[PDB]
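*Asks:* Before I ask anything, let me first share the structure, which is written out below as structure tokens.
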Amino acid sequence: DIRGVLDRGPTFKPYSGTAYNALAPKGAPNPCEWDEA
Amino acid sequence: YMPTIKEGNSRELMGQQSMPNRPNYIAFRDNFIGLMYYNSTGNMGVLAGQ
Amino acid sequence: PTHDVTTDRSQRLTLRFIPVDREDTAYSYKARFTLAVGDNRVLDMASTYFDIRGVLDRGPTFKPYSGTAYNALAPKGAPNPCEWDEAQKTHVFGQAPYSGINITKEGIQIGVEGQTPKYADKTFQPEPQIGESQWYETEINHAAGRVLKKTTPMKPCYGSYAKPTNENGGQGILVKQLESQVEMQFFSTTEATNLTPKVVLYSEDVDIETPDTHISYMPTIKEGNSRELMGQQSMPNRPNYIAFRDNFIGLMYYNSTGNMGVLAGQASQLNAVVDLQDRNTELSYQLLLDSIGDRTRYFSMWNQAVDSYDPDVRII
Amino acid sequence: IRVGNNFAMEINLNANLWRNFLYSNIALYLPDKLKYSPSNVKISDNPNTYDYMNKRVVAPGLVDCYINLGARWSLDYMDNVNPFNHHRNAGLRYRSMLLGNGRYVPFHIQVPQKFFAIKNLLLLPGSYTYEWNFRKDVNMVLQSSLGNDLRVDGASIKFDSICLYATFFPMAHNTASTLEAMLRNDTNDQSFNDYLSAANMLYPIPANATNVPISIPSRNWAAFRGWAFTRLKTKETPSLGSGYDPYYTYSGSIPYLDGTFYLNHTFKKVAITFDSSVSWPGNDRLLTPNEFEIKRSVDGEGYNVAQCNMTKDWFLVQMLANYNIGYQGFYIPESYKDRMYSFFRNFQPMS
Amino acid sequence: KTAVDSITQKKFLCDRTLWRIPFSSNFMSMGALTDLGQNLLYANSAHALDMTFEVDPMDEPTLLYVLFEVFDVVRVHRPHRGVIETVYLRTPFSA
Amino acid sequence: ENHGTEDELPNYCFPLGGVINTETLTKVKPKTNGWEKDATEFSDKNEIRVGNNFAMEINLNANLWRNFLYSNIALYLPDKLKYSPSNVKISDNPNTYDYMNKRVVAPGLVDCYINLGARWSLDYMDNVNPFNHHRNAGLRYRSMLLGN
Amino acid sequence: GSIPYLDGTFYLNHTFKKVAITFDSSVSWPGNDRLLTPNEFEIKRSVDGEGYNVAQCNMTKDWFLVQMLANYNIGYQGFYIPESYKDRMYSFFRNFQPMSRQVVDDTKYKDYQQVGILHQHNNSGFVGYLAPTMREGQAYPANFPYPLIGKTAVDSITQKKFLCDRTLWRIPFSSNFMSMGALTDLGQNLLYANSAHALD
Amino acid sequence: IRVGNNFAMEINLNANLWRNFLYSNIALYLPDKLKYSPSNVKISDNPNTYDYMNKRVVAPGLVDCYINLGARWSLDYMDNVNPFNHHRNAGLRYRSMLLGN
Amino acid sequence: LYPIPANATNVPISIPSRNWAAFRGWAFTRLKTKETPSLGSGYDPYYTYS
Amino acid sequence: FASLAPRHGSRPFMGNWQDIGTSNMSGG
């Protein structure tokens, strides 16, 4: 019987797709501001 | 899709497009293969008398 | 066990039997063999079979897949970039997805080679798969695209195919003199007519065909291209699976008195296969495999794959 | 800057996936009396051609996403249509892809031997002639999922070569000679039996015919085992006994030869009378003891099983013919007696 | 709450199968050679059969596939090298 | 058993002729640098799309997965989580179907991201009877065994 | 990832052509003219000029006999589906899935053009080019792939192969390739022999 | 008042569900010689890194909704690739969720 | 009851084979199928005659 | 015939005596 702490690392993703605005279009930007001339 | 190599915010970065990362399932192996040193003769386990 | 089970002499496992005499009718063929069992050998006839080689033509009515192969994500009423003659002036319904740099009488400039203006190869450039990659409607002053000519018969985009006639994927009917005929068509703004052409449509003749779709709505019975034939809508053909039957039913004449098989000795010539035409040897074998084994499993060698409807299609 | 909510267009996805299901699988496989010819499209005159069966446009409102909602119900239009002539026929789906995906297929097949006398026969030593007649009819050697005539539709088959193979157990020569000597007695004859074990008669039923009288002339009926009857179609059954049937314009599943029977529900009753006066089984056995009522349209006395119209006489007989179940309670038979071609595996009552 | 006055239709579909009626005195399988099949060996008399099926009408010429279940038995004798001898027998429908 | 949604590709929908926002252009032939109007053979009005066509983007595998979780899990949540609808009359008896039908439930409670990569039954949905559910394939069979 | 050495997740079984076993550097095993090509274990053949393939694939008749006898004791009295307890997960017939397809015959079809992935424009104006990014192009008739069906089907050639994952190519050291016991009859002839044999 | 038929736009659903299937499961698991580098995106140099394996863009036209139509055929590119290094590895898909998320 | 079709003049019947011991005779009369119910059936829903 | 039978231990692994013939038919 082993008790311990496992670190899966930053390269662990147990799901396809995304968690965050999944129904959003992939090219759809956030309400943003930029700079031009 | 990065339209422009420049990291600063611009008009062209409204056209950058997001793709989800590939699903990566990190777990212990089936029947806990790899935890125990089997067949390593330098790390050979012991069941003997006291 | 060591001895008295398996021989220690030179004995084969599988034998190969060339037909002694083969005869052909227009609807059947006959193969006589010598099933020679040597000394001290037993042969269970379950291990015997006929290996048959040949060439199968499934015909043009074979469609092994639902839907279509070509432009499946297209709308069914979406037309190709086409031309037609009304009442005789030629109208163009097209699209110009490519964005270039400059437009002269030699076509569209796709780039430079130092300072020399490199133009588009009219055989395959600009590609109908390459357009713009950003979503926002930027200003496009020098676009270009490809259009099928009025001699090309008008089809919907869904299910349209033409064969490529060069190495770089560009499709177009070559003609002998073997040079392609891709004419350039320069278009500009209506209220603008200096004169700068905005859109260059490379017109062409392709060998367009619908190999797996058909038209579900023809607005006009007449030949030739017209405005009404933009509204024709393409439906995929029905999937037709043509194959040999389960457990190779229909390859061997069972229960035909005129086509009865022979297993006999070479001397007495008395046929041990007495076949009666009110037997069903095929259905006797389909029900025998059910009682002895799991019939859902697939065995490719005897082509043992049982006919099975989907249970949610029969009973709704 | 957008003032308000953004622009969008609403779709019903699950209904559109279910409307595509019922059309591609059920509405396109409806009988041809429900379909019509499309406008301004040249269609073939022959109804057994793929150019006909493809281009007969069917209305989606016949089988749309609301048909029999909450009813486990097969369509009365689709009961008499062969369910094995379908593109979800997972056997023929597997058998089509086992050769390939193209029109032009060079095949390589191993055809089993099925004649019961020479199917499990253990041959002793000796040189035997072994001569067999093979078919070349593309409506018999091939199976299409629509049932179109493959003679008109350009399907051709050409048998280049053929070989007989035979796998031999390498038995020891003083053991395979003791077995040889034992199997050459008149007492050790290898006796076999056909699994169907039936003499099979085809009786024609005319169009729109309800009463089907058959008549066996006169015979000693000793060692008689029983009956097993099923309705077929004349279109789908080839005239076996003839080497070539020129009137057989069909290349679907042949229920006569493979066991894919589907017209079982089209039986009302069965009256068996031995010798024109002795009704069978007689003896006041059944609840209607002179006939085998398979189903009742109008039941007032309440003799139906299973929340369907199959009778209590006929459900008793079929559970006893297959499983010896019915005198000590009805229950689900075990999965080894209940095979694929059995009664209880396939009895699906609906309402 | 606005449901219409409805009538119920019941049916069954039983694919892939043969309607078996065993020629046994209790409709059971107590053996392949049934008791009514042996009752007709010791009777030693010929009887005629007149079966009458009532079917649902279809708009198509259909067939009727009745299996008269017999004992289609083959006994195979090989007495010498290259000699094959078979005796066939099926009862009742002998041929 | 929330695996996420397989939506690495975007899923688009298109107008019924492939394009709707075309503009009117005029055929121009070159002078024999130089250009002149070619209205003799070709017409002066040709609907030609400049650039990519109009299209709308939908996430299909997330909308099918979000319809799955709402109809099966979020509608079957306990009544302490749901709330009364606006301007809709409702039955006062909580044991009524008219109550259970009209208690509007937030889709964000069981949305398409709940416990991603976790094979986890909800603690809200542990003490709820799993057999009082429309995917009860026994009762789904027994309801259809009498009819619709 | 998965370790096929330890997990049992073997997947490169289809990459074997033939096997030649020789005891004592001269005696080719099994010998005794057992196989159809008795000097070697031909696992698959791409030529097949003599007619020695099974299962509508390219596995030979020698090798399919040996594998159905190593696992199942099936093959001398007819090939059939083994019962569900003999046919385990890591066995042969559970995992043997033979396949076939047709591709274009580039030396026979007179209009073939090798169109690489840079120039294949099926779903032209509805699919992004070489990327899972946004769409680009026009609603244009495709050029890939060539039609294998229809009245304008191309001249095709058939490729056959098999994939048999999770399994080990068992060649039993028995005189009839069967499992009549764990101590096989060829292992008892070498028992008490005190004779060393080279294996190549 | 609308004159004529309404506005609408068409999607092929059963193709887009089938094209999402073949890209997520087969095209992203193609060998690295088929894939190419993303434009203007940084990437690791070690091919055994997830940051490498994530960002190698693969063309959808390699495994699209028309690949080997009507053929039960595993790809020749995908035969020598380990099928158990896949996110649908239902054991590893279960063994990952057995520890948590 | 042997059925006669409409406007059918000739009616062939056939008793197949029987020991005819203690046979007394025949007596026959044409009926109507409309006027004769099929007995043995407990209820004939197509018998519209009283 | 114990020299033809495999040896589980030192006893011949024989079959049953009455398992020699077949008896299956189409429902009987």
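*Asks:* Quickly rank J:10-23, C:92-105, G:42-55 as a protection proxy: mean count of other C-beta atoms within 10 Å, highest first.
*Replies:* Working: J:10-23: 8.4, C:92-105: 22.2, G:42-55: 16.9.
Ranked from most to least packed, the peptides come out as C:92-105, G:42-55, J:10-23.
*Asks:* If you put +1 on each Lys and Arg Cβ and -1 on each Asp and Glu Cβ, how big is the dipole of chain G around its Cα centre, in Debye rounded to 20?
*Replies:* Around 480 debye, computed over chain G.
*Asks:* Sticking with this structure for a sec: How about G:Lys61: which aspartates and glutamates have a C-alpha closer than 16 Å to its C-alpha, ignoring those fewer than 8 places off in the same chain?
*Replies:* Result set, ordered by chain and number: C:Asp51, G:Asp33, G:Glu40, G:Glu42, G:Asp48, G:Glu50.
*Asks:* Positive end of the dipole of region C:132-286, charges at C-beta (+1 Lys, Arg; -1 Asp, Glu), about the Cα centre: which of C:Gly258, C:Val182, C:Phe244 has its Cα farthest in that direction?
*Replies:* C:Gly258
*Asks:* Shifting gears a bit: Need the C-alpha centroid separation for region D:166-204 versus region C:74-99, integer Å.
*Replies:* Value for the Cα centre distance between the two parts: 74 Å.
*Asks:* Mean residue ellipticity at 222 nm from the helices of chain H, using -39,500 (n - 2.57) per DSSP H segment of n ≥ 4 over the full residue count, to the nearest 500 deg cm²/dmol? List each step's numbers first, then the result.
*Replies:* On the way: 3 runs with 24 residues, N = 101.
Mean residue ellipticity, 222 nm, calculated: -6500 deg cm²/dmol.
*Asks:* Between D:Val298 and C:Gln266, how many nm apart are label points set 7 Å from Cα along the C-beta direction?
*Replies:* 7.4
*Asks:* How many nm separate the modelled label positions at D:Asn46 and F:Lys45, each set 7 Å beyond the Cα in the direction of the Cβ?
*Replies:* 4.9
*Asks:* Taking amide H atoms as placed 1.01 Å from N in the peptide plane, list the residues 5 or more away in sequence, or in a different chain, whose amide H sits under 5 Å from that of F:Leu16.
*Replies:* Those qualifying (amide H under 5 Å, at least 5 residues apart or on another chain) are H:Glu10.
*Asks:* Another one. Using alpha-carbon positions, what is the distance between the centroids of region A:1-26 and region G:101-134, in Å?
*Replies:* 36
*Asks:* Given the pairs C:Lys118/F:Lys29; G:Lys44/G:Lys110; D:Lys119/D:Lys158; D:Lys233/D:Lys268; C:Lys89/G:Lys151, which are separated by over 25 angstrom at their Cα positions?
*Replies:* Too far apart for the 25 Å limit: G:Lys44/G:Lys110; D:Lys119/D:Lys158; C:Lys89/G:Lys151.
*Asks:* Over the Cα atoms of region F:1-144, how large are the radius of gyration and the largest Cα-Cα distance (Dmax), in Å?
*Replies:* Just the Cα atoms of region F:1-144 yield Rg and Dmax of 27.7, 89 Å.
*Asks:* What average count of beta carbons from other chains do you get within 10 Å of the Cβ of residues in F:111-117?
*Replies:* Details: counts 3, 5, 7, 1, 4, 9, 13.
Across the residues of F:111-117, the mean count of other-chain Cβ atoms within 10 Å is 6.
*Asks:* Which net charge results for the neighbourhood of D:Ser342, defined as the other residues with beta-carbon distances under 13 angstrom from its beta-carbon, given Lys and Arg at +1 and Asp and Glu at -1?
*Replies:* With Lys, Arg at +1 and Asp, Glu at -1, the net is +2.
*Asks:* In addition: Can you check what the net charge comes to around H:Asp32, using other residues whose Cβ is under 15 Å from the Cβ of H:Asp32 (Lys, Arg +1; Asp, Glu -1)?
*Replies:* +3
*Asks:* With labels modelled as points extended 7 Å from the Cα through the Cβ direction, what inter-label distance (nm, one decimal) is found for C:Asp294 paired with D:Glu10?
*Replies:* Going by the 7 Å Cα→Cβ label model, 4.8 nm.
*Asks:* What is the mean number of Cβ atoms from other protein chains located within 10 Å of the Cβ atom of each residue in peptide D:28-37, rounded to a whole number?
*Replies:* Values: counts 2, 2, 0, 2, 0, 1, 0, 0, 0, 0.
Average per residue, whole number: 1.
*Asks:* Sticking with this one: Suppose every K and R has +1 on its Cβ and every D and E has -1 on its Cβ; what is the size of the dipole of chain D about the Cα centre, in Debye to the nearest 20?
*Replies:* For chain D, the charge dipole is close to 820 debye.
*Asks:* Return one quarter of the surface area of the convex hull spanned by the alpha-carbon atoms of region D:200-246, equal to its mean projected area, in nm².
*Replies:* The Cα convex hull of region D:200-246, projected and averaged over all directions, gives 5.2 nm².
*Asks:* Any idea which of C:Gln11, C:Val37, C:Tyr65 is furthest toward the positive side of the dipole for region C:1-69, if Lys and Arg beta-carbons carry +1 and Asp and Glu beta-carbons -1?
*Replies:* Comparing the listed Cα positions along the dipole, C:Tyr65 ranks first.
*Asks:* For every other residue with a beta carbon closer than 10 angstrom to the beta carbon of E:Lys10, add +1 if it is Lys or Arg and -1 if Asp or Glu, then tell me the sum.
*Replies:* Details: positive: D:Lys295, D:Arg296, E:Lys11; negative: D:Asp299.
Charge balance near E:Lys10 sits at +2.
*Asks:* Using packing as a proxy for protection, rank D:157-168, G:109-120 so that the peptide with the highest average count of other Cβ atoms within 10 Å comes first.
*Replies:* D:157-168, G:109-120
*Asks:* Based on alpha-carbon centroids, what's the gap between region E:28-73 and region B:27-50 in Å, whole number please?
*Replies:* Cα centroid to Cα centroid, the span is 69 Å.
*Asks:* Can you list the chymotrypsin sites (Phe, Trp or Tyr not before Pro) in region D:244-299 that are in a DSSP coil and have 10 or fewer other beta carbons within 10 angstrom?
*Replies:* Taking region D:244-299 and a limit of 10 other Cβ atoms within 10 Å, the loop chymotrypsin sites (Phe, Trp or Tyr not before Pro) found are D:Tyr247.
*Asks:* May I pose another question? Checking the a/c ratio against 1.5 first, then a/b against b/c, what shape does the Cα gyration tensor give for region G:16-150?
*Replies:* Here region G:16-150 falls in the prolate category.
*Asks:* Please report the Cα spread of region D:59-159 along all three principal axes, rounded to whole Å, starting with the longest.
*Replies:* Largest to smallest, the principal-axis extents are 68, 32, 21 Å.
*Asks:* Still on this structure, I have one more. Note down the relative contact order for chain G as a percent, whole number, built from C-alpha pairs under 8 angstrom at least six residues apart.
*Replies:* 26
*Asks:* Compare the Cα positions of D:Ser96, C:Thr296, C:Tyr98 along the charge dipole of the protein assembly as shown (+1 at Cβ of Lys, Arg; -1 at Cβ of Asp, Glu; about the Cα centre) and return the one farthest towards the positive end.
*Replies:* Farthest along the dipole direction, towards plus: C:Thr296.
*Asks:* Shape call for chain D from the C-alpha gyration tensor, a ≥ b ≥ c root eigenvalues: rounded (a/c under 1.5), prolate (a/b greater than b/c) or oblate?
*Replies:* On the way: a/c = 1.86, a/b = 1.23, b/c = 1.51.
Oblate, since a/c reaches 1.5 and b/c is not below a/b.
*Asks:* How would you order C:221-233, C:61-73 from highest to lowest mean count of nearby Cβ atoms within 10 Å?
*Replies:* Highest to lowest by the protection proxy: C:61-73, C:221-233.
*Asks:* If you keep only loop residues by DSSP, which trypsin sites (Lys or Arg not before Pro) in region F:90-148 have at most 15 other Cβ atoms within 10 Å of their Cβ? Intermediate values should be presented prior to the final figure.
*Replies:* On the way: sites: F:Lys102, F:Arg103, F:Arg119, F:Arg135, F:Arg140, F:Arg142; in loops: F:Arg103, F:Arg119, F:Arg135.
Here the trypsin sites (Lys or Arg not before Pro) that fit, given the DSSP loop and packing criteria, are F:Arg135.
*Asks:* Right, another one. For the protein assembly as shown, just list the percent of Cα-Cα distances falling in each 10 Å bin from zero outward, please.
*Replies:* In order of increasing distance, the bins hold 1, 7, 13, 17, 18, 16, 13, 8, 4, 2, 0, 0, 0 percent.
*Asks:* Another question about this same structure. Just need the Rg to Rh number for region H:41-101, please, alpha carbons only, Kirkwood Rh. Can you show the working numbers first?
*Replies:* Working: Rg = 15.4 Å, Rh = 14.7 Å.
Taking Rh as the inverse mean 1/r over Cα pairs, Rg/Rh reads 1.05.
*Asks:* Follow-up. Calculate the FRET efficiency for B:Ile33 and H:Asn80 from the Cβ-Cβ distance with a Förster distance of 30 Å, rounded to the nearest 0.05. Kindly include the intermediate steps, with their values, before the conclusion.
*Replies:* Values: r = 23 Å, r/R0 = 0.76.
Given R0 = 30 Å and the Cβ-Cβ separation, E is 0.85.
*Asks:* Another question, if that's okay. Please get the size of the charge dipole for region D:213-351, origin at its Cα centre, with Cβ charges of +1 on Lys and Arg and -1 on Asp and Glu, quoted in debye to the nearest 20.
*Replies:* 140
*Asks:* Using only the Cα atoms of region C:111-230, what do you get for the radius of gyration and for Dmax, in Å?
*Replies:* Considering region C:111-230 through its Cα atoms, Rg and Dmax are 17.1, 55 Å.
*Asks:* Tell me which GluC sites (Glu not before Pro) from region C:92-176 have a DSSP coil assignment and no more than 10 other beta carbons within 10 Å of their own.
*Replies:* Loop-located and lightly packed - C:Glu139.
*Asks:* Let me ask something additional. Can you tell me which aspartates and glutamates have their Cα less than 17 Å from the Cα of C:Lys63? Leave out same-chain residues fewer than eight positions away.
*Replies:* Within the straight-line limit of under 17 Å, C:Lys63 reaches these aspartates and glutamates: C:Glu209, C:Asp212, D:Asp51, D:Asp149, D:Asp153, G:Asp155.
*Asks:* Evaluate peptide F:118-125: per residue, the Cβ atoms of other protein chains within 10 Å of its Cβ; return the mean as an integer. Show your work: numbers first, answer last.
*Replies:* Values: counts 8, 8, 3, 0, 0, 0, 0, 0.
That works out to 2 on average.
*Asks:* What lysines sit close enough to D:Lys235 to cross-link, taking a C-alpha to C-alpha distance under 17 Å and skipping anything fewer than 8 places away on the same chain?
*Replies:* D:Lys33
*Asks:* While we're here: Mind putting together the pair-distance distribution for region C:176-285? All Cα pairs, 5 Å bins, whole percent per bin, short to long.
*Replies:* Going out from 0 Å in 5 Å bins, region C:176-285 shows 2, 7, 8, 9, 8, 8, 8, 6, 5, 5, 6, 6, 5, 5, 4, 3, 2, 2, 1, 1, 0 percent.
*Asks:* With a ≥ b ≥ c taken as the square roots of the eigenvalues of the C-alpha gyration tensor of region D:161-236, please select rounded if a/c is under 1.5 and otherwise prolate if a/b is larger than b/c or oblate if it is not?
*Replies:* Cα axes put region D:161-236 in the oblate bin.
For neighbour counting, all protein chains shown are included, and Cβ atoms are generated from backbone atoms with ideal geometry for every residue, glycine included. Every read-out reported here was derived from the displayed coordinates using simple, explicitly stated rules and does not represent laboratory data.
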